[PDB]
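# A closer look at the structure
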Amino acid sequence: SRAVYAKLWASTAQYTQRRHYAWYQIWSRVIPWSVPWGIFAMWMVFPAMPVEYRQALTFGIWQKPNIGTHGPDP
Amino acid sequence: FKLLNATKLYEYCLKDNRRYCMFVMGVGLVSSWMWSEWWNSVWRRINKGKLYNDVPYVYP
Ligand SMILES: CCCCCCCCCCCCCCCCCC(=O)OC[C@H](COP(=O)([O-])OCC(O)COP(=O)([O-])OC[C@@H](COC(=O)CCCCCCCCCCCCCCCCC)OC(=O)CCCCCCCCCCCCCCCCC)OC(=O)CCCCCCCCCCCCCCCCC
Ligand SMILES: CCCCCCCCCCCCCCCCCC(=O)OC[C@H](COP(=O)([O-])OCC[N+](C)(C)C)OC(=O)CCCCCCCCCCCCCCCCC
């Protein structure tokens, strides 16, 4: 019957939408890898920033290492 | 082993490899710095009165 053949033909009309859905799925699986690599980027580039920005970005936890040299002069 | 299994570290942070990597990176970041500051303190503790800061110069 024409009706059934029409339904079967039309079953795949929306190919592009299904492909967009596929884009969504694979990117959802992939994108969390940005966190490891982001941490490492920041790890490497932290000692390049100004001392003030190092102190700020760590909420004051980070401070200049104390190795027993270059102390104040009376 | 029962204690470790009770902490449920595996379920949340080590069973998925993306989280495994997140864990590795962050624990690296923090542990390295703690280890460094601890060795700094030891180096100051053993060498007290020998380092530059511990014995100020007094001008004539
Ligand atoms: C204990 C029991 C034993 C257990 C045993 C179990 C087994 C495991 C071992 C565990 C035991 C310990 C082991 C020690 C390990 C650690 C030591 C270690 O690893 O040191 C390594 C050591 C490295 O030393 P280092 O690099 O000098 O260390 C310097 C420090 O890293 C200092 O560097 P730094 O200070 O410059 O670091 C910077 C750091 C600084 O870090 C910090 O200061 C962080 C502070 C951390 C605080 C800690 C928090 C956690 C604790 C909290 C407590 C909670 C309380 C609650 C619980 C208690 C109470 C209930 O900051 C960062 O990293 C960046 C910041 C974060 C980035 C992410 C961005 C976040 C943005 C924030 C957004 C929010 C807004 C902010 C904006 C502000 C405005 C609002 O190794 C070496 O020195 C090198 C060795 C030489 C080997 C070379 C390697 C091979 C090369 C050859 C290759 C060539 C051949 C070819 C290739 C071959 C391929 C095969
Ligand atoms: C895909 C990423 C590929 C990355 C390849 C990069 C490898 C080579 C990196 C070289 C960095 C050089 C930085 C130039 C500034 C001078 C550095 C220096 O020694 O300064 C003095 C400083 C110390 O300063 P100082 O004490 O000499 O006095 C100057 C004081 N400041 C710094 C405040 C002005 O030395 C360091 O701290 C060493 C520099 C560490 C920086 C390392 C950066 C690594 C970059 C990789 C990040 C990649 C993220 C992904 C990006 C991809 C995006 C698509």
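Calculation criteria
Residues numbered from 1 in each chain as written, not as in the entry; some residues may be left out. Chains lettered and ligands numbered in written order. Part of a larger assembly, values for the part shown. Heavy atoms only, no water. Helix = DSSP H or I, 4+ residues; strand = E, 2+ residues; numbered from the N terminus. Buried < 20%, exposed > 50% of the residue type's maximum accessible area, 1.4 Å probe, protein only. Areas by Shrake-Rupley, 256 points an atom, 1.4 Å probe, with all protein chains shown as cover. Near = heavy atom within 4 Å. Polar contact = N/O pair within 3.5 Å; in protein donor to acceptor, adjacent residues only side chain to side chain. Nonpolar A, V, L, I, M, F, W, Y, C, P; charged D, E, K, R; others polar. UniProt positions renumbered as here; feature names shortened; annotations may be inferred. Salt bridge = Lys/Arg side-chain N within 4 Å of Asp/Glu carboxyl O.

- Structure determination for this entry, per the PDB record, employed cryo-EM and reached 2.79 Å resolution.

- Chain B is annotated in the PDB entry as Ubiquinol-cytochrome C family reductase UQCRX/QCR9-like protein from Toxoplasma gondii GT1.

- The PDB entry lists chain A under the name Transmembrane protein, from Toxoplasma gondii GT1.

## Side note on the overall build of chain A
- When helices and strands are counted, chain A shows four helices and zero strands.
- Taken from N to C terminus, the helices and strands of chain A fall in the order α-α-α-α.
- Principal-axis analysis of the C-alpha atoms places the extent of chain A at approximately 100 × 15 × 15 Å.
- In chain A, buried positions account for 9% of the 74 residues.
- As displayed, chain A offers around 6800 Å² of accessible surface, 67% of which is attributable to carbon and sulfur atoms.

## Digging into the site of ligand 2
Residue and element names in this part refer to chain A.
- The environment of ligand 2 is formed by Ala-41, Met-44, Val-45, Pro-47, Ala-48 and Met-49.
- The contact in question runs from an oxygen atom of ligand 2 to an N or O atom on the backbone of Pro-47, over 3.0 Å.
- For ligand 2, whose accessible area on its own is 1100 Å², the fraction buried by protein is 21%.
- Looking at the shell around ligand 2 residue by residue, the classes come out as six nonpolar, no polar and no charged.

## Looking at the site of ligand 1
- Surrounding ligand 1, one finds 14 residues, the nearest of these being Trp-43, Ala-56 and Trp-62 of chain A together with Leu-29 and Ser-32 of chain B.
- At the site occupied by ligand 1, the surrounding residues belong to chains A and B.
- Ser-32 of chain B is positioned such that a nitrogen or oxygen atom in its side chain is 2.8 Å from an oxygen atom of ligand 1.
- Contact with the protein chains removes 31% of the 2400 Å² of surface that ligand 1 exposes when unbound.
- Here the element with the most residues in the shell around ligand 1 is helix α3 (residues 17-46) of chain B; it accounts for six residues.

## Structural notes on the UniProt feature "transmembrane region" (unreviewed entry) in chain A
- Taking the UniProt record as the reference, the feature "transmembrane region" (unreviewed entry) is found at residues 26-46 of chain A.
- The distance separating the terminal C-alpha atoms of residues 26-46 of chain A is 32 Å; by composition the span is 81% helix and 0% strand.

## Considering the pattern of salt bridges
Residues and elements named next belong to chain B.
- Counted by the stated rule, this structure contains one salt bridge over all chains.
- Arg-18 serves as the salt-bridge partner of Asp-16, at 2.8 Å between the closest nitrogen and oxygen.
- Residue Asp-16 is classed as partly exposed on the basis of its relative accessible area of 23%.
- With a relative accessible area of 26%, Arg-18 lands in the partly exposed category.

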